[PDB]
Each structure stands twice: as C-alpha cells, then as structure tokens.
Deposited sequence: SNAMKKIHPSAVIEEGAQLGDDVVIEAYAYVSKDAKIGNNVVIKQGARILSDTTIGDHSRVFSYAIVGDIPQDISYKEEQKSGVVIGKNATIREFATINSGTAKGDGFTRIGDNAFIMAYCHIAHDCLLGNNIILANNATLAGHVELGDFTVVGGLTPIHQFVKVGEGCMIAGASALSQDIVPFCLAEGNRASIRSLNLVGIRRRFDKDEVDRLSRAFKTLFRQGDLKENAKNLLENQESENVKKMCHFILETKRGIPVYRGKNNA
C-alpha cells in the first residue's frame, strides 16, 4: 500500500489502510488520516493534517510555505477532501496562528490555489484555477467557479456562488451569487439554495434578498429584517452585512 519510492520522513503519522503512491512525500510532522490516498508525486509538507477518506491527486502540494517575500506552521484539511492535481495549499503565518484550515467535504479541482491563513468551511467547491489570496474565508457550501481570484481578507458567506471568469474584491453576503470584475452581487445563488432548502425557505430567501438589496442602506435594511425574523438563514445574511469589514459589492 506504500510504494517504496514514496518518501515518508521518520515522524510522519499514518492511519489505517493508507495508500501512498510512488514518489509522493510525507513530512515528519504530517498526520495522514485513515483510508487516505496520496497519489503519485503529491507532497504533504509541514505540520499538516489530512483527515480520513481524503484523496490527494497527482502532484498536489499541501503545506508549502506561504508565497511572501517577508518570511509551528501548516495546513489542516478535514475529512473526505478531494484535492485534484497541481493544487497549491500553502501553510499559515504568525499573522494568523500558523495554519491554513479547510473543513470537511472539500472538492478542490486542478491548479487551485489556497493562500496562507485561509479558512474554508465544509462542502466547499473550487473549480479549476480558482485562487484565494491570503486570509480569505469561505462559508460552508460556497462555490467558486473557474479562473476566479479572490482578494486577500475577503469573506464569502455560506452558500454563495462566485461565478467563474470573475474577480472578487469585497465581502459576499450569504446565499448570494456574485459575478464580474470587480465582482458584484447579481442575485441569490438559486441553484445552491434549491438543492438544500424547501420552496418555503427559498421564497423566504428571495423576499429577504429583495428586502436587503432592492433599494436603501444595506445595514439599515439588515437590522430591520432581523426584527422578529423566523429564519436562521435570513439572520446569517443580516448579521453578515452588519459585521462586514470589506463592504458588500452590489450591481446596478
């Protein structure tokens, strides 16, 4: 199950039923969960954790040092991750806590780049060449389409869709679809929310969207919408708007 050509540094912790293919690399401080597959040439570097039932594809690099001139450290990836070929997930820095963190059920396609000190939730999907700059945060179920870069310190809420062939500089309210360059909120991510919620929550989210974005001060509108609000999903939108540190981009 471990190819003799694999370089597993003394100190690496490997779980049950792990498969390390030829010419892969695991570091002395690496922790490879149970039932994980590391394919030919992939490199798990630094103080990096790969959770159970993850698959790291050929030549993907997890735990390389940050891309930064001025420079305990690593990457933590949850369970059931898929990291496709040539992905570069860099470690964190002392401006965070030394760690880049990814939740469970990540699906990260080829050439994807996740920069130092990112924080991705669960069930994130990154399409080919999506690039997250430093300290980007993505909520659960966010999708980022292909060839789209996200500016450092950007937050994308849960259930967002950031379209491909776009470029994102500001924060994106939960359950919204953003597109363009600079990318802006166009609508709800209707596909994502119809997959997950009932027609009733969906309609609640549509009303909430119009109530927030149609006209007026977004923060004024979010506080008002919190009044007596029944839906925890509309609440996340509202609190996210109130808490925004980079502002929200909106299309007209």
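- Provide the list of deposited-sequence positions lacking C-alpha coordinates, grouped into contiguous ranges. Those parts of the chain that were deposited but carry no coordinates are 1-5, 77-80, 262-266.
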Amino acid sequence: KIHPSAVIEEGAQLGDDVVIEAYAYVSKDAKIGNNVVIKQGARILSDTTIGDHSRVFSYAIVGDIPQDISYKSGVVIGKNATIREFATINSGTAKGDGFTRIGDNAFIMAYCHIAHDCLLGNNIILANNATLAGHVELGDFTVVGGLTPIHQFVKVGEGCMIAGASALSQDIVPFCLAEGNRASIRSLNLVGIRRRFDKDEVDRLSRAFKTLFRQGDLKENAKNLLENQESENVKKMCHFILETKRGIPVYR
From here on, numbers count along this sequence of modelled residues.
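- Message: When the Cα temperature factors in the entry are averaged, is it 23-31 or 197-205 that ends up higher?
- Response: The deposited B-factors put 197-205 ahead on the C-alpha mean.
- Task: Mind pulling up the entry and telling me whether 140-148 or 178-186 has the higher mean Cα temperature factor?
- Result: Looking at the record's C-alpha B-factors, the answer is 178-186.
- Compare the CA B factors listed in the entry for 127, 161, 172, 94 and report the winner. Of the candidates given, the C-alpha B-factor peaks at 94.
- Peak C-alpha temperature factor (PDB record), options 54, 40, 221, 48: Within the set 54, 40, 221, 48, 221 shows the top C-alpha B-factor.
- Item | For residue 79, the third of its chain into which the C-alpha B factor falls | Ranked within chain, residue 79 CA B lands in the middle tercile.
- Report the third (lowest, middle or highest) to which the CA temperature factor of residue 72 belongs, ranking only the modelled residues of the same chain. As the PDB entry reports it, the C-alpha B-factor of residue 72 lands in the highest third of its chain.
- Query: residue 63's Cα B-factor: lowest, middle or highest third of the chain?
  - Reply: According to the entry, residue 63 has a C-alpha B-factor in the chain's lowest third.
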